[PDB]
$ cat work_38.json   # JSON, C-alpha atoms and all ligand atoms
[["chain", "number", "residue", "atom", "x", "y", "z"],
["A", 1, "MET", "CA", 157.13, 74.99, 205.42],
["A", 2, "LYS", "CA", 159.66, 77.62, 204.35],
["A", 3, "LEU", "CA", 162.15, 78.22, 207.12],
["A", 4, "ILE", "CA", 164.65, 81.06, 207.37],
["A", 5, "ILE", "CA", 167.14, 81.50, 210.19],
["A", 6, "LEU", "CA", 168.47, 84.95, 211.07],
["A", 7, "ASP", "CA", 171.21, 86.20, 213.31],
["A", 8, "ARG", "CA", 170.07, 89.19, 215.39],
["A", 9, "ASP", "CA", 172.79, 91.80, 216.07],
["A", 10, "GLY", "CA", 174.12, 93.18, 212.77],
["A", 11, "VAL", "CA", 171.28, 91.69, 210.70],
["A", 12, "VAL", "CA", 167.97, 92.68, 212.36],
["A", 13, "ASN", "CA", 169.27, 95.45, 214.62],
["A", 14, "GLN", "CA", 172.39, 97.57, 214.79],
["A", 15, "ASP", "CA", 175.41, 95.88, 216.33],
["A", 16, "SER", "CA", 177.06, 97.69, 219.24],
["A", 17, "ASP", "CA", 180.68, 97.68, 220.35],
["A", 18, "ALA", "CA", 179.32, 98.00, 223.92],
["A", 19, "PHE", "CA", 176.75, 95.16, 223.59],
["A", 20, "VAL", "CA", 173.00, 95.75, 223.18],
["A", 21, "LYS", "CA", 172.00, 96.02, 226.84],
["A", 22, "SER", "CA", 168.54, 97.61, 226.92],
["A", 23, "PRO", "CA", 165.51, 98.34, 224.70],
["A", 24, "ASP", "CA", 166.86, 101.84, 223.96],
["A", 25, "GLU", "CA", 170.09, 100.28, 222.68],
["A", 26, "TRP", "CA", 168.11, 98.01, 220.34],
["A", 27, "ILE", "CA", 167.74, 99.85, 217.06],
["A", 28, "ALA", "CA", 166.34, 98.17, 213.94],
["A", 29, "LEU", "CA", 168.52, 98.36, 210.84],
["A", 30, "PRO", "CA", 166.83, 100.14, 207.90],
["A", 31, "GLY", "CA", 164.61, 97.68, 206.03],
["A", 32, "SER", "CA", 165.17, 94.71, 208.33],
["A", 33, "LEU", "CA", 161.76, 94.63, 210.04],
["A", 34, "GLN", "CA", 160.01, 95.25, 206.71],
["A", 35, "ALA", "CA", 162.05, 92.38, 205.25],
["A", 36, "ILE", "CA", 160.78, 90.06, 207.97],
["A", 37, "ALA", "CA", 157.25, 91.30, 207.30],
["A", 38, "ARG", "CA", 157.59, 90.43, 203.60],
["A", 39, "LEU", "CA", 158.76, 86.95, 204.42],
["A", 40, "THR", "CA", 156.00, 86.46, 206.98],
["A", 41, "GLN", "CA", 153.37, 87.52, 204.46],
["A", 42, "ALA", "CA", 154.91, 85.10, 201.90],
["A", 43, "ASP", "CA", 154.36, 82.27, 204.40],
["A", 44, "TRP", "CA", 157.92, 81.95, 205.68],
["A", 45, "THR", "CA", 158.67, 80.88, 209.26],
["A", 46, "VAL", "CA", 161.33, 83.28, 210.56],
["A", 47, "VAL", "CA", 163.50, 82.12, 213.47],
["A", 48, "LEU", "CA", 166.40, 83.90, 215.21],
["A", 49, "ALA", "CA", 169.65, 82.22, 216.29],
["A", 50, "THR", "CA", 171.65, 84.69, 218.33],
["A", 51, "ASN", "CA", 174.76, 84.73, 220.55],
["A", 52, "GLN", "CA", 173.84, 86.73, 223.70],
["A", 53, "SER", "CA", 176.97, 86.62, 225.86],
["A", 54, "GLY", "CA", 175.75, 89.75, 227.66],
["A", 55, "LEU", "CA", 173.83, 87.39, 229.95],
["A", 56, "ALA", "CA", 176.90, 85.37, 231.00],
["A", 57, "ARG", "CA", 178.82, 88.65, 231.40],
["A", 58, "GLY", "CA", 176.15, 90.01, 233.73],
["A", 59, "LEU", "CA", 175.51, 93.09, 231.58],
["A", 60, "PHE", "CA", 171.74, 92.65, 231.74],
["A", 61, "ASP", "CA", 169.24, 90.08, 232.99],
["A", 62, "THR", "CA", 166.65, 87.93, 231.26],
["A", 63, "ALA", "CA", 163.85, 90.42, 232.10],
["A", 64, "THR", "CA", 165.71, 93.09, 230.14],
["A", 65, "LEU", "CA", 166.46, 90.77, 227.23],
["A", 66, "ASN", "CA", 162.77, 89.82, 227.15],
["A", 67, "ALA", "CA", 161.92, 93.54, 227.06],
["A", 68, "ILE", "CA", 164.28, 94.02, 224.11],
["A", 69, "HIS", "CA", 162.53, 91.24, 222.23],
["A", 70, "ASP", "CA", 159.14, 92.64, 223.25],
["A", 71, "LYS", "CA", 160.16, 95.89, 221.56],
["A", 72, "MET", "CA", 161.16, 94.00, 218.44],
["A", 73, "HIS", "CA", 157.96, 91.95, 218.47],
["A", 74, "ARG", "CA", 155.72, 95.03, 218.74],
["A", 75, "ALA", "CA", 157.54, 96.90, 215.94],
["A", 76, "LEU", "CA", 157.28, 93.85, 213.66],
["A", 77, "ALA", "CA", 153.62, 93.19, 214.50],
["A", 78, "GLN", "CA", 152.51, 96.60, 213.29],
["A", 79, "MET", "CA", 154.13, 95.82, 209.93],
["A", 80, "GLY", "CA", 152.63, 92.37, 209.65],
["A", 81, "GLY", "CA", 155.83, 90.54, 210.48],
["A", 82, "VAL", "CA", 156.46, 87.76, 212.98],
["A", 83, "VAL", "CA", 159.56, 86.10, 214.39],
["A", 84, "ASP", "CA", 158.26, 82.62, 215.28],
["A", 85, "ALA", "CA", 160.96, 81.78, 217.83],
["A", 86, "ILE", "CA", 164.24, 83.00, 219.25],
["A", 87, "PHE", "CA", 167.04, 80.53, 219.81],
["A", 88, "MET", "CA", 169.77, 82.08, 221.91],
["A", 89, "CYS", "CA", 173.09, 81.28, 223.51],
["A", 90, "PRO", "CA", 173.52, 83.02, 226.88],
["A", 91, "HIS", "CA", 177.12, 81.86, 227.29],
["A", 92, "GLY", "CA", 180.47, 83.57, 227.02],
["A", 93, "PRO", "CA", 183.35, 82.70, 224.66],
["A", 94, "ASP", "CA", 185.06, 80.27, 227.03],
["A", 95, "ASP", "CA", 182.02, 78.76, 228.71],
["A", 96, "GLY", "CA", 182.20, 75.43, 226.87],
["A", 97, "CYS", "CA", 178.61, 75.25, 225.68],
["A", 98, "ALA", "CA", 177.15, 73.53, 222.62],
["A", 99, "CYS", "CA", 175.23, 76.56, 221.41],
["A", 100, "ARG", "CA", 177.75, 79.36, 220.92],
["A", 101, "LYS", "CA", 178.37, 80.03, 217.22],
["A", 102, "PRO", "CA", 180.44, 78.87, 215.37],
["A", 103, "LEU", "CA", 179.22, 75.62, 216.98],
["A", 104, "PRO", "CA", 176.04, 74.40, 215.23],
["A", 105, "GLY", "CA", 174.06, 73.67, 218.44],
["A", 106, "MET", "CA", 171.30, 76.23, 217.91],
["A", 107, "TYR", "CA", 170.82, 75.29, 214.29],
["A", 108, "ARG", "CA", 170.50, 71.66, 215.36],
["A", 109, "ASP", "CA", 167.94, 72.67, 218.03],
["A", 110, "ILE", "CA", 165.96, 74.51, 215.33],
["A", 111, "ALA", "CA", 165.94, 71.44, 213.08],
["A", 112, "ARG", "CA", 164.64, 69.39, 216.02],
["A", 113, "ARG", "CA", 161.97, 71.97, 216.94],
["A", 114, "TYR", "CA", 160.42, 71.91, 213.47],
["A", 115, "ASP", "CA", 161.40, 68.34, 212.62],
["A", 116, "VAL", "CA", 163.09, 69.37, 209.36],
["A", 117, "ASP", "CA", 166.21, 68.82, 207.26],
["A", 118, "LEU", "CA", 168.15, 72.10, 207.03],
["A", 119, "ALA", "CA", 169.26, 71.54, 203.43],
["A", 120, "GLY", "CA", 168.62, 74.70, 201.43],
["A", 121, "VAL", "CA", 167.37, 76.66, 204.43],
["A", 122, "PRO", "CA", 168.70, 80.20, 204.17],
["A", 123, "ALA", "CA", 170.65, 81.32, 207.23],
["A", 124, "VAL", "CA", 171.54, 85.01, 207.32],
["A", 125, "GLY", "CA", 174.44, 86.37, 209.33],
["A", 126, "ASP", "CA", 176.90, 89.26, 209.54],
["A", 127, "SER", "CA", 179.82, 87.38, 211.11],
["A", 128, "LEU", "CA", 181.99, 84.52, 209.97],
["A", 129, "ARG", "CA", 180.84, 82.44, 212.97],
["A", 130, "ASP", "CA", 177.23, 82.78, 211.78],
["A", 131, "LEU", "CA", 178.10, 81.40, 208.36],
["A", 132, "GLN", "CA", 180.15, 78.56, 209.82],
["A", 133, "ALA", "CA", 177.54, 77.48, 212.33],
["A", 134, "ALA", "CA", 174.84, 77.50, 209.66],
["A", 135, "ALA", "CA", 176.94, 75.71, 207.05],
["A", 136, "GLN", "CA", 178.01, 73.00, 209.49],
["A", 137, "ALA", "CA", 174.34, 72.42, 210.27],
["A", 138, "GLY", "CA", 173.44, 72.06, 206.60],
["A", 139, "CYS", "CA", 172.02, 75.52, 205.82],
["A", 140, "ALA", "CA", 172.65, 77.81, 202.85],
["A", 141, "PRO", "CA", 174.59, 80.73, 204.29],
["A", 142, "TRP", "CA", 173.86, 84.33, 203.37],
["A", 143, "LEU", "CA", 176.14, 87.17, 204.46],
["A", 144, "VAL", "CA", 174.87, 90.74, 204.89],
["A", 145, "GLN", "CA", 177.14, 93.79, 204.75],
["A", 146, "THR", "CA", 175.64, 95.51, 207.81],
["A", 147, "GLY", "CA", 177.22, 94.83, 211.21],
["A", 148, "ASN", "CA", 180.44, 92.85, 210.89],
["A", 149, "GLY", "CA", 179.60, 91.90, 207.31],
["A", 150, "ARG", "CA", 182.05, 94.09, 205.42],
["A", 151, "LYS", "CA", 184.90, 92.79, 207.63],
["A", 152, "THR", "CA", 183.69, 89.22, 207.24],
["A", 153, "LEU", "CA", 183.57, 89.60, 203.46],
["A", 154, "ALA", "CA", 187.00, 91.23, 203.31],
["A", 155, "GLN", "CA", 188.61, 88.50, 205.41],
["A", 156, "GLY", "CA", 187.24, 85.69, 203.21],
["A", 157, "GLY", "CA", 187.26, 82.04, 204.23],
["A", 158, "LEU", "CA", 183.48, 82.00, 203.79],
["A", 159, "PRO", "CA", 181.67, 78.67, 203.34],
["A", 160, "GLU", "CA", 181.60, 77.70, 199.66],
["A", 161, "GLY", "CA", 178.60, 79.20, 197.91],
["A", 162, "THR", "CA", 177.84, 81.85, 200.54],
["A", 163, "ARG", "CA", 175.61, 84.51, 198.98],
["A", 164, "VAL", "CA", 176.40, 88.19, 199.74],
["A", 165, "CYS", "CA", 173.80, 90.99, 200.10],
["A", 166, "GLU", "CA", 173.94, 94.54, 201.41],
["A", 167, "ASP", "CA", 171.36, 93.92, 204.15],
["A", 168, "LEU", "CA", 168.46, 91.75, 205.26],
["A", 169, "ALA", "CA", 166.05, 93.75, 203.09],
["A", 170, "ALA", "CA", 168.15, 92.82, 200.04],
["A", 171, "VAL", "CA", 168.17, 89.14, 201.09],
["A", 172, "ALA", "CA", 164.35, 89.01, 201.32],
["A", 173, "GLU", "CA", 164.08, 90.75, 197.92],
["A", 174, "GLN", "CA", 166.40, 88.14, 196.42],
["A", 175, "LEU", "CA", 164.52, 85.19, 197.97],
["A", 176, "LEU", "CA", 161.19, 86.55, 196.79],
["A", 177, "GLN", "CA", 162.49, 87.33, 193.27],
["A", 178, "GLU", "CA", 163.75, 83.77, 192.96],
["A", 179, "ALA", "CA", 160.62, 82.20, 194.45],
["A", 201, "MG", "MG", 175.59, 89.34, 214.45],
["A", 202, "MG", "MG", 169.18, 98.75, 202.24],
["A", 203, "ZN", "ZN", 175.77, 78.62, 224.54]]

$ encode --input "work_38.json" --output "structure tokens"
Amino acid sequence: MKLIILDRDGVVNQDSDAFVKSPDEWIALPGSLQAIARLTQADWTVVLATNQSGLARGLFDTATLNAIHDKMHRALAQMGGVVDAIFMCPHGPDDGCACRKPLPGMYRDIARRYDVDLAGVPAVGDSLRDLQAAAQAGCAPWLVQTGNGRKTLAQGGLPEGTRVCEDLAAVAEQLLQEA
């Protein structure tokens, strides 16, 4: 198999200062859905690992979150792309869970789901906590410049060997060039 793990806000869809709280607030970033479609057609398994503290904060309920992902799924499907699974942390910053990035919980759950070693698995994020979670779990971190990515890059302290791309479309192009 060829696994790739993606953060959601700031990588697939536009981040929001106010949280993404409804389907209308979920807006794909240019090229991101097409990027997923390319990887899908090249036989990659694409999985999300996303912090969704909006649930713990009571900003929206699981029905609404499922509707957001339904919107994503439909948009991707028409392009021939598929997200195989969504791993998500519903907790807030001080809720003491195992799954909130930068903890590696979700990445560990993904490894268990597919029964794989995460060595060399690309994990794409826009925030330092994405890179740290992925690196701790054994992945190869990739940082995009959408979302929080420019700030993350500027602040440094990235895991050694983190690769930097302008957006998810550029990441997919690089993976497929180097295939
Ligand atoms: Mg993000
Ligand atoms: Mg672009
Ligand atoms: Zn959690």

$ residues_near_ligand --input "work_38.json" --ligand "ligand ZN 203 (chain A)" --cutoff "7 Å" --atoms "all atoms listed in the file" --output "VMD selection string"
chain A and resid 89 to 91 97 to 100

$ atom_distance --input "work_38.json" --atom1 "atom CA of residue A:73" --atom2 "atom CA of residue A:162"
28.6 Å

$ closest_residue --input "work_38.json" --among "A:105, A:138, A:10, A:80" --to "ligand MG 201 (chain A)" --atoms "only C-alpha atoms and all ligand atoms"
A:10

$ residues_around --input "work_38.json" --residues "residue A:7" --least-positions-apart "3" --cutoff "8 Å" --atoms "only C-alpha atoms" --output "JSON, numbers by chain"
{"A": [10, 11, 12, 48, 49, 50, 123, 124, 125, 126, 130]}

$ atom_distance --input "work_38.json" --atom1 "atom CA of residue A:13" --atom2 "atom CA of residue A:120"
24.6 Å

$ closest_residue --input "work_38.json" --among "A:174, A:146, A:64, A:52" --to "ligand MG 202 (chain A)" --atoms "only C-alpha atoms and all ligand atoms"
A:146

$ residues_near_ligand --input "work_38.json" --ligand "ligand MG 202 (chain A)" --cutoff "8 Å" --atoms "all atoms listed in the file" --output "PyMOL selection string"
chain A and resi 30-31+166-170

$ atom_distance --input "work_38.json" --atom1 "atom CA of residue A:76" --atom2 "atom CA of residue A:38"
10.6 Å

$ decode --input "work_38.json" --residues "stretch 108-138 of chain A" --atoms "N, CA, C and O atoms" --output "compact mmCIF listing (two decimals), in the first residue's frame"
# COMPACT_ATOMS: atom_id res chain seq x y z
N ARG A 108 -0.72 6.90 15.52
CA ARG A 108 -0.67 5.53 16.05
C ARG A 108 -1.93 4.72 15.74
O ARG A 108 -1.83 3.53 15.43
N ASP A 109 -3.11 5.34 15.84
CA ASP A 109 -4.37 4.68 15.50
C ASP A 109 -4.38 4.30 14.01
O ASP A 109 -4.86 3.25 13.64
N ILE A 110 -3.85 5.18 13.17
CA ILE A 110 -3.80 4.93 11.73
C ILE A 110 -2.91 3.72 11.43
O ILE A 110 -3.27 2.85 10.61
N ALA A 111 -1.75 3.67 12.09
CA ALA A 111 -0.83 2.57 11.90
C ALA A 111 -1.50 1.25 12.28
O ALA A 111 -1.37 0.24 11.57
N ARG A 112 -2.24 1.27 13.38
CA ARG A 112 -2.99 0.09 13.83
C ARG A 112 -4.10 -0.31 12.85
O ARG A 112 -4.28 -1.49 12.56
N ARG A 113 -4.84 0.68 12.35
CA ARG A 113 -5.93 0.43 11.40
C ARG A 113 -5.45 -0.35 10.17
O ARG A 113 -6.11 -1.30 9.73
N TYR A 114 -4.31 0.05 9.64
CA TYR A 114 -3.81 -0.52 8.39
C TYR A 114 -2.72 -1.54 8.63
O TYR A 114 -2.20 -2.13 7.68
N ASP A 115 -2.39 -1.76 9.89
CA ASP A 115 -1.32 -2.67 10.27
C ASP A 115 -0.03 -2.38 9.51
O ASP A 115 0.52 -3.26 8.84
N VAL A 116 0.47 -1.15 9.61
CA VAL A 116 1.67 -0.76 8.90
C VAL A 116 2.66 0.00 9.79
O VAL A 116 2.28 0.55 10.82
N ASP A 117 3.92 -0.01 9.36
CA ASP A 117 4.98 0.80 9.91
C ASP A 117 4.86 2.16 9.22
O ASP A 117 4.63 2.21 8.02
N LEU A 118 4.99 3.25 9.97
CA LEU A 118 4.80 4.58 9.40
C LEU A 118 6.07 5.18 8.79
O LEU A 118 6.06 6.29 8.28
N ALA A 119 7.17 4.43 8.82
CA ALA A 119 8.42 4.91 8.25
C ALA A 119 8.23 5.32 6.79
O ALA A 119 7.75 4.53 5.98
N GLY A 120 8.59 6.56 6.46
CA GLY A 120 8.53 7.02 5.09
C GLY A 120 7.14 7.41 4.61
O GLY A 120 6.96 7.79 3.45
N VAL A 121 6.15 7.31 5.48
CA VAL A 121 4.80 7.71 5.11
C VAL A 121 4.70 9.23 5.15
O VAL A 121 4.95 9.84 6.19
N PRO A 122 4.33 9.85 4.02
CA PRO A 122 4.25 11.32 4.06
C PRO A 122 3.07 11.79 4.89
O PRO A 122 1.98 11.25 4.78
N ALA A 123 3.31 12.79 5.73
CA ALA A 123 2.24 13.34 6.56
C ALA A 123 2.27 14.84 6.36
O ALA A 123 3.25 15.50 6.71
N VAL A 124 1.19 15.38 5.79
CA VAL A 124 1.16 16.77 5.37
C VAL A 124 0.39 17.63 6.34
O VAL A 124 -0.74 17.30 6.69
N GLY A 125 1.00 18.72 6.79
CA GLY A 125 0.34 19.61 7.73
C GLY A 125 0.66 21.07 7.48
O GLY A 125 1.59 21.39 6.72
N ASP A 126 -0.10 21.97 8.11
CA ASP A 126 0.18 23.39 7.99
C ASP A 126 0.63 24.01 9.30
O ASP A 126 0.96 25.19 9.32
N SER A 127 0.60 23.23 10.37
CA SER A 127 0.95 23.72 11.71
C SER A 127 2.09 22.93 12.33
O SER A 127 2.27 21.75 12.06
N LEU A 128 2.86 23.58 13.21
CA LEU A 128 3.95 22.86 13.83
C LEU A 128 3.47 21.58 14.52
O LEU A 128 4.14 20.55 14.46
N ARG A 129 2.30 21.63 15.18
CA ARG A 129 1.82 20.46 15.91
C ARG A 129 1.55 19.27 14.97
O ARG A 129 1.67 18.12 15.37
N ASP A 130 1.20 19.55 13.71
CA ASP A 130 1.00 18.49 12.74
C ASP A 130 2.33 17.80 12.48
O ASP A 130 2.40 16.57 12.40
N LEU A 131 3.38 18.59 12.29
CA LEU A 131 4.68 18.03 11.93
C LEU A 131 5.22 17.21 13.10
O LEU A 131 5.79 16.14 12.90
N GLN A 132 5.02 17.72 14.31
CA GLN A 132 5.53 17.06 15.51
C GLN A 132 4.81 15.74 15.79
O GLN A 132 5.45 14.72 16.07
N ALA A 133 3.49 15.75 15.69
CA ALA A 133 2.73 14.53 15.87
C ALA A 133 3.19 13.47 14.88
O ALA A 133 3.44 12.32 15.26
N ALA A 134 3.30 13.86 13.61
CA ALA A 134 3.65 12.93 12.56
C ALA A 134 5.05 12.40 12.77
O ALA A 134 5.27 11.19 12.69
N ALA A 135 5.99 13.29 13.08
CA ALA A 135 7.39 12.89 13.23
C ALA A 135 7.57 11.93 14.42
O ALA A 135 8.32 10.95 14.34
N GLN A 136 6.86 12.22 15.51
CA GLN A 136 6.94 11.38 16.69
C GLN A 136 6.47 9.98 16.36
O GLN A 136 6.98 9.00 16.89
N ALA A 137 5.48 9.90 15.46
CA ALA A 137 4.87 8.63 15.10
C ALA A 137 5.70 7.85 14.08
O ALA A 137 5.46 6.66 13.85
N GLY A 138 6.66 8.52 13.45
CA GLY A 138 7.56 7.86 12.53
C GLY A 138 7.42 8.30 11.07
O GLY A 138 8.17 7.84 10.20
